[PDB]
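Colleague: Here it is: the structure, laid out below.
Here the Cβ positions follow ideal geometry from the backbone for every residue, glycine too, while neighbour counts run over all protein chains shown. Throughout, read-outs are computed from the coordinates displayed, never taken from laboratory work.
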Amino acid sequence: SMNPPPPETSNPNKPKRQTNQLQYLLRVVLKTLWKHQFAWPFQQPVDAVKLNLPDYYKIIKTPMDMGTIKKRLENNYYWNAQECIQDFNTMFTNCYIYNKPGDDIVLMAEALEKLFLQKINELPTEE
């Protein structure tokens with residue numbers, strides 16, 4: 001069995017910014033979700049080999065996870081906050097697409113998403 005290459009976290013020719021919204025996405029949003037008791041399934045790319053999910057990457061073609069997001073934020077990969085918000089939403093959506101309603105991992109995603117939405121609701125104004 002085989003995993004795909006992970007999403008890109010480094011690309012020297014991608015233009016980059018460090019903005020107050022992106023700082024909030026790291027300091028408040030990522031940190032809040034990362035420390036949660038339900039974070040662990042989402043802290044790294046889905047390992048379809050270890051988890052015995054041979055169809056995962058047949059179904060999920062835009063993988064995303066908080067390990068990748070953390071690396072992107074720490075390495076100033078983004079130009080804007082919308083790119084990062086999209087990554088979180090991709091992560092949640094993948095979970096809901098692949099799994100069955102009411103599965104433990106879906107409940108976990110929902111709890112993290114609730115917090116995500118509460119924090120993004122107060123995304124600061126651009127400086």
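Colleague: Residue 41 - would you say it is out of contact with any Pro (no Cβ under 7 Å at 6 or more places or on another chain), part of a helix (DSSP H, G or I), farther than 23 Å from residue 122 by Cα and in contact (Cβ under 8 Å) with a residue 60 or more places away in the chain? Walk me through how you get there before you give the answer.
Modeller: Numbers: out of contact with any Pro (no Cβ under 7 Å at 6 or more places or on another chain): yes; part of a helix (DSSP H, G or I): yes; farther than 23 Å from residue 122 by Cα: yes; in contact (Cβ under 8 Å) with a residue 60 or more places away in the chain: yes.
Spelling it out, residue 41 is indeed out of contact with any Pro (no Cβ under 7 Å at 6 or more places or on another chain), part of a helix (DSSP H, G or I), farther than 23 Å from residue 122 by Cα and in contact (Cβ under 8 Å) with a residue 60 or more places away in the chain.
Colleague: What number of residues within region 58-72 satisfy the criterion of being more than 12 Å from residue 97 (Cβ to Cβ), touching a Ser or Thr at 6+ places or on another chain (Cβ under 8 Å) and surrounded by fewer than 17 Cβ atoms within 10 Å (Cβ to Cβ)?
Modeller: Adding up the residues that qualify gives 1.
Colleague: Let me ask something else about it. Would you be able to say whether some residue in region 61-80 is farther than 27 Å from residue 127 by Cβ, in a loop (DSSP other than H, G, I, E, B) and out of contact with any helix residue (DSSP H, G or I) (no Cβ under 8 Å at 6 or more places or on another chain)?
Modeller: Yes - at least one qualifying residue is present in region 61-80.
Colleague: Determine whether residue 23 is surrounded by fewer than 16 Cβ atoms within 10 Å (Cβ to Cβ), assigned to a helix (DSSP H, G or I) and of a type outside the set (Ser, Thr, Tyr).
Modeller: yes
Colleague: Is there a residue being in contact with a helix residue (DSSP H, G or I) (Cβ under 6 Å, 6 or more places away or on another chain) and either part of a loop (DSSP other than H, G, I, E, B) or among the small types (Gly, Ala, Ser) (or both) anywhere in region 9-17?
Modeller: Scanning region 9-17, I find at least one residue that is in contact with a helix residue (DSSP H, G or I) (Cβ under 6 Å, 6 or more places away or on another chain) and either part of a loop (DSSP other than H, G, I, E, B) or among the small types (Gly, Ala, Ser) (or both), so the answer is yes.
Colleague: Something else about it: Report every pair of residues separated by at least 6 positions or lying on different chains whose Cβ atoms are under 6 Å apart, first residue within region 1-29 and more than 22 Å from residue 43 (Cβ to Cβ), second part of a loop (DSSP other than H, G, I, E, B).
Modeller: 15/79; 16/76; 17/79; 18/76; 20/124; 20/127; 21/123
Colleague: Is it the case, given these coordinates, that residue 55 is loosely packed, with under 13 Cβ neighbours inside 10 Å and either over 23 Å from residue 5 (Cβ atoms) or touching a residue at least 24 places away in the same chain (Cβ under 8 Å) (or both)?
Modeller: No, not satisfied.
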